[PDB]
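Notes for the one structure printed next.
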Amino acid sequence: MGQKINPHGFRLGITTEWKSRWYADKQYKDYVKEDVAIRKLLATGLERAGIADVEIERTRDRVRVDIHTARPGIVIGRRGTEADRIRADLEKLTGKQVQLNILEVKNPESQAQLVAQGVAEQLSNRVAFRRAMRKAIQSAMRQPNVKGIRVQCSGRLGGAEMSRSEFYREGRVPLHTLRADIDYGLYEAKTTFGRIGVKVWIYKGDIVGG
Amino acid sequence: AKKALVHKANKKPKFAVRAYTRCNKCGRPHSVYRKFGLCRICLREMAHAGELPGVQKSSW
Amino acid sequence: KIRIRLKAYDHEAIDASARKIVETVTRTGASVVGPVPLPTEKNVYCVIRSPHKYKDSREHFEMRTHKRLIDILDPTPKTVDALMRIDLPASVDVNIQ
Amino acid sequence: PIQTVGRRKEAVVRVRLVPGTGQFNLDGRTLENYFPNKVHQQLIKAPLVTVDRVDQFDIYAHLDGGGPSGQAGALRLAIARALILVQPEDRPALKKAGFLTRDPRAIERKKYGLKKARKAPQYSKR
Amino acid sequence: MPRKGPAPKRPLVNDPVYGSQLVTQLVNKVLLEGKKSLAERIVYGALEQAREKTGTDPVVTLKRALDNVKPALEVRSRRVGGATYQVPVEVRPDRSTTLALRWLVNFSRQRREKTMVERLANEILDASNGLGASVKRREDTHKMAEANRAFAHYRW
Amino acid sequence: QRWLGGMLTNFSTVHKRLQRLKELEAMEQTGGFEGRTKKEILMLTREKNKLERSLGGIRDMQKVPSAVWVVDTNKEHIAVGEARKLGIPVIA
RNA sequence: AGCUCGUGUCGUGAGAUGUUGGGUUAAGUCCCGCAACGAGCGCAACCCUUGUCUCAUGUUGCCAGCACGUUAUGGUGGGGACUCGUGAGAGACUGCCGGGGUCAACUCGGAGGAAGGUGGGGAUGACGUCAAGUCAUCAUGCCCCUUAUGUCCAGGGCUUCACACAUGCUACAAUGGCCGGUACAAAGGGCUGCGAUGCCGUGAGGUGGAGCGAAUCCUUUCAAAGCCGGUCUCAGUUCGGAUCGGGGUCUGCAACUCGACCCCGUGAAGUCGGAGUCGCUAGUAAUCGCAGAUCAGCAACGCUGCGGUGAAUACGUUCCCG
Ligand SMILES: [Mg+2]
Ligand SMILES: [Mg+2]
Ligand SMILES: [Mg+2]
Ligand SMILES: [Mg+2]
Numbered sequence: 001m002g003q004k005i006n007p008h009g010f011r012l013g014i015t016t017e018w019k020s021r022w023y024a025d026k027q028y029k030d031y032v033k034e035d036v037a038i039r040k041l042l043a044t045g046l047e048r049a050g051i052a053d054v055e056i057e058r059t060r061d062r063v064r065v066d067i068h069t070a071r072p073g074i075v076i077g078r079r080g081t082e083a084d085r086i087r088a089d090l091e092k093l094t095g096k097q098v099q100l101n102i103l104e105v106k107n108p109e110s111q112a113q114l115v116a117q118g119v120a121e122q123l124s125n126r127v128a129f130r131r132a133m134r135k136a137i138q139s140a141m142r143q144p145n146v147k148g149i150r151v152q153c154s155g156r157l158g159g160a161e162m163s164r165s166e167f168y169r170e171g172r173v174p175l176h177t178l179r180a181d182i183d184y185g186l187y188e189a190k191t192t193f194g195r196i197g198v199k200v201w202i203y204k205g206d207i208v209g210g
Numbered sequence: 002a003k004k005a006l007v008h009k010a011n012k013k014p015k016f017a018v019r020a021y022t023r024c025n026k027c028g029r030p031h032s033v034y035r036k037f038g039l040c041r042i043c044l045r046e047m048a049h050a051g052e053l054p055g056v057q058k059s060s061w
Numbered sequence: 005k006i007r008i009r010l011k012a013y014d015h016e017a018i019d020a021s022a023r024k025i026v027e028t029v030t031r032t033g034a035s036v037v038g039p040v041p042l043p044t045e046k047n048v049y050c051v052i053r054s055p056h057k058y059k060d061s062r063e064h065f066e067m068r069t070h071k072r073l074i075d076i077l078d079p080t081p082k083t084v085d086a087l088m089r090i091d092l093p094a095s096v097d098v099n100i101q
Numbered sequence: 025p026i027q028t029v030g031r032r033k034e035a036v037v038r039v040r041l042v043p044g045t046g047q048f049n050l051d052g053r054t055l056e057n058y059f060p061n062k063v064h065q066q067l068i069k070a071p072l073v074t075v076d077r078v079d080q081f082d083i084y085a086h087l088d089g090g091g092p093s094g095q096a097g098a099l100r101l102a103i104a105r106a107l108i109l110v111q112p113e114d115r116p117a118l119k120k121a122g123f124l125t126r127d128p129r130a131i132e133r134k135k136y137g138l139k140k141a142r143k144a145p146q147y148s149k150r
Numbered sequence: 001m002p003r004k005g006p007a008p009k010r011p012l013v014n015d016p017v018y019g020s021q022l023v024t025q026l027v028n029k030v031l032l033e034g035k036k037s038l039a040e041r042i043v044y045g046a047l048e049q050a051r052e053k054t055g056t057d058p059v060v061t062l063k064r065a066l067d068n069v070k071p072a073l074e075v076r077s078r079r080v081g082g083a084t085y086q087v088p089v090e091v092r093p094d095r096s097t098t099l100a101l102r103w104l105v106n107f108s109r110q111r112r113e114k115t116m117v118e119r120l121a122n123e124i125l126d127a128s129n130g131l132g133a134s135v136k137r138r139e140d141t142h143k144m145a146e147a148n149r150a151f152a153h154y155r156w
Numbered sequence: 094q095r096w097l098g099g100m101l102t103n104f105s106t107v108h109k110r111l112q113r114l115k116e117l118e119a120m121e122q123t124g125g126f127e128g129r130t131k132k133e134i135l136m137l138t139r140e141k142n143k144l145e146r147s148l149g150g151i152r153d154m155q156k157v158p159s160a161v162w163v164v165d166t167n168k169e170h171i172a173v174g175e176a177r178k179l180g181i182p183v184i185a
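Residue numbers (full-length UniProt numbering), protein chains in the order written: chain S, 1 to 210; chain D, 2 to 61; chain Y, 5 to 101; chain Z, 25 to 150; chain L, 1 to 156; chain A, 94 to 185.
Next comes the structure, spelled out in structure tokens:
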């Protein structure tokens, strides 16, 4: 809706980190190719399982993936049926092995991406988007080491035709302040009528992080 | 745009007249700009991720 | 003049490279130089994303490329080898002037 | 020995004030070979013209960066600082002319989408 | 500055070979986008020619010409009550000197002679003698001010 | 200090505050100072000071007089308006 | 610089207060008040570059004091007291005084100071209008094509043209043109790319290699405007360079339709431009060139950064537009 710049995309080298931290001469192309291929492969699985961030690093001809799952148990089921299955799928789709190592998050309500995934799933489950956003804000403000939140679900809300963008906020969510350490989440929900956008902001605290 | 065609068109081709782009990421022979040797999709993906050598979009 | 007109892709990367160079040369025990103040520039990147009618929201989004320099004099082959043995970051595309 | 520093937009200079005969030995070039514009001569003499010590003190400067006018201003600032450190009583005689301080006026950072700094593109009405 | 207050006058040092703030201002005005030394040499040659022609002090002759061509009244245009009036207002010394120097340099560039040095020398000589384009423009401005004097009662 | 622009239009809360302040001032005669929490005593003291500073008219008349002497009608625009809406008599 | 919100207060109700009156700035920044109390999106600061100094260290920069050297260069040892490109700290916080101002915010002057009253300049783009730009970055509900509108190939086109509009370069001449001799700037393009000395060339350049994942190498131990000497004698010309013909070059297999560059001749418009209109407040305009984004080969005079030399005005908001 607005022209506000992505805080993560702006502070990718000041406050926030990078999801792809590697370097290669003439091979960065193939590196990012394999990265986006793995991302597209894990999209459906880790979305049905709950995903926050997929940090991929490149080593001497091998890979180092770190996926931040929210609900462990769906993707990690029986040892040799789901995890090893997806590992073998990634390996046979790429030209190398995969030493997959999952890392569990500390609080799903504290991560912006997870809150966006949850609110989008709620909206797609044929529920009141207003109540869904309210409960998500309550969960994310129930003292998860946070100080502010701002949730927005744009697009064709309620399966209507008008692009209603409900602006819901709570606490302190400054965008012009650099010393914010604000987490951002951008999600695209698919419905039977079209697409919907979910923009979330979680101002955890005023930590410098220098 | 498969591995065989990519390997056949990247090295010395049979006839010199075959000097098309033959991108390395997607492999499509056309619809790719030789300015960067990449198809628009991955080109802009890397541009937004901050990986391609110097491509960006609106700020003014 | 000499040493140097180079360029890097990341401020963190280039400052870490300068720091590790200073550390390795000081561990070899040779010497240091006198830094001087000089700013950086803004690279040339105003590329479009689509050949369509995107001529609103068009110009650019600056790619911050901060660069630092460290001058040196009185060559010594030992320092030459200690500096040319390896480069930890390898992402700073140094160019000789 | 006493030594000071002078700075400019993109230039630096280091001098060592000592007594003797007035001269300016630059880095490999002499006074007339380094200041051919005939205005930079007067500019760098102004610090030594307000107080008549042109042919009384020496100037052995070493500079780097900038152009003719920048080097002239840097050498003037260096001579001003040297006179401040040597003869405090003559400090007002140099401050009255607009010396002893580096002019904050310098080259700014050019803006984007424009031709030059503080210059919008020309466009005709429609 | 604009709508804030006046500007601080540059404490420029007097010219070393002439020592005249008016001469330095004329040099800064005739300066052609960075041609500092060139303009200095041009004005020096013009003053030397004027000296060789007259036989007196170049600075004194230039000051006399400036005082003789100084416009004592410059017309303006102000809308008061939905009606334009060209009311003449008292000009200041600095503004009058600047306008005089502007007219002088303009008429010197307009003069058709061999070189710019000779053009400026002849312009200065004509301004000092009282028969020149600068003096003609000064007289025209004075006549316009005397004709428009009918409307001067505001002093706003 | 501060003129309340509600004394003559919203006298409900004004009279409530007046009665509360009168009750507090009357209880102060008893001597129940140290028998209360420190934070509450401080809040009291502060409110009583603010009142005593901003209240000098409602403690004497209590009879809605029919005359007012106003000053500086430029800044006291609400006061002159209330006076005109509650009666023509006003000396400005 | 405004946009707002929870409660309260008045009105049957749309709605009124908060945002209404003053001091002052860039601010709805503050305070006096003010039936309102607090907060959010805002502003400033937080962030980046420059300006002064200090510490941890004195690198293929500098050489002051010592020496070793011959010119195309601190080229080679020894030297922190010299500009602190890596980290931090100090320094601007109206810090203090006076005229003030409501002795509340805030204004001017002065002392130290590099900057004195958000230091000079940017990143930082709120709720929303233009049913704003994008279904050819990508996804995208719906319709449509499928022996096709999917895909390749050889040629042509997007570069065409009797015209009009927009943005830039060349200039229109003596602050000039040509020839010879001369000084400092920051910024790097480099691995199938840069490429110095030489051979011969009017010149692109045919020979080519010391040297480079980063100061031994071009972009020179760095240019143009800038300074000295000779000439042109103020004119459609030694100004201007386009069309055109002849002699060639850089790339790649392929340059009239299909780049650029060099040598010779050819020598047109242009004599600073009407009606209208654009940009500029100090390192700004002006003027000069350097470098780069992609290319094996360029339409690149364009777009971005850089600095060389560097001006005049600032009664004032009556007035054109917001
Ligand atoms: Mg009601
Ligand atoms: Mg209102
Ligand atoms: Mg439309
Ligand atoms: Mg003529």
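Don't be surprised by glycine CBs; every beta carbon is placed ideally from N, CA and C.
Opening and closing residue of the alpha helix (DSSP H) in which residue i lies
| i | result |
| --- | --- |
| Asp82 of chain Z | Per DSSP, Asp82 of chain Z belongs to no alpha helix (DSSP H); it is in the beta strand (DSSP E), 81-83. |
| residue 172 of chain L | Residue 172 of chain L is absent from the model: chain L starts at 1 and stops at 156. |
| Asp183 of chain S | First-last for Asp183 of chain S: 182-190, but that is the beta strand (DSSP E), not the alpha helix (DSSP H). |
| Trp103 of chain L | 93-110 |
| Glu145 of chain A | 131-147 |
| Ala48 of chain D | 41-50 |
| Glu123 of chain L | 116-129 |
Residue range of the unbroken beta strand (DSSP E) whose run includes residue i
| i | result |
| --- | --- |
| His68 of chain S | 63-69 |
| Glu55 of chain S | 51-58 |
| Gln152 of chain S | 148-153 |
| residue 253 of chain S | With chain S running from 1 to 210 in the structure shown, residue 253 of chain S is simply not present. |
| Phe193 of chain S | Neither: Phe193 of chain S is in no beta strand (DSSP E) and is coded neither H nor E. |
| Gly122 of chain Z | Looking at the DSSP string, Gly122 of chain Z is not in any beta strand (DSSP E), and its letter there is neither H nor E. |
| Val39 of chain Z | 35-39 |
| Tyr44 of chain L | Counting along the chain, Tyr44 of chain L falls outside any beta strand (DSSP E), though it belongs to the alpha helix (DSSP H) covering 36-54. |
| residue 238 of chain S | Since the first and last residues shown for chain S are 1 and 210, residue 238 of chain S lies out of range. |
* To do: Let me know the alpha helix (DSSP H) ranges lying completely inside the stretch 42-85 of chain Z, each 4 residues or longer, listed in chain order.
  => 55-58, 64-74
* Contact set between the stretch 48-75 of chain Y and chain Z, restricted to residues whose Cβ is under 9 angstroms from the partner -> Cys50, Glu63, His64, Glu66
* To do: Using a Cβ-Cβ cut-off of less than 8 angstroms, list which residues of the stretch 19-43 of chain D approach chain S; keep chain order.
  => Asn25, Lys26, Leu39, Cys43
* To do: Give the residues from the stretch 27-47 of chain Y that approach chain Z closer than 9 angstroms (Cβ to any Cβ), ordered along the chain.
  => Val40, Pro41, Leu42, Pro43, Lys46
* Where in the stretch 73-129 of chain S do unbroken runs of the alpha helix (DSSP H), each at least 4 residues long, occur, reported from the N-terminal end onward? -> 83-93, 112-124
* To do: Please name the residues in the stretch 17-30 of chain S whose beta-carbon is closer than 7 angstroms to at least one beta-carbon of chain Y, in chain order.
  => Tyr23
* For the stretch 68-93 of chain Y, which segments carrying the alpha helix (DSSP H) assignment without a break, of at least 4 residues, lie completely within its bounds, in sequence order? -> 81-88
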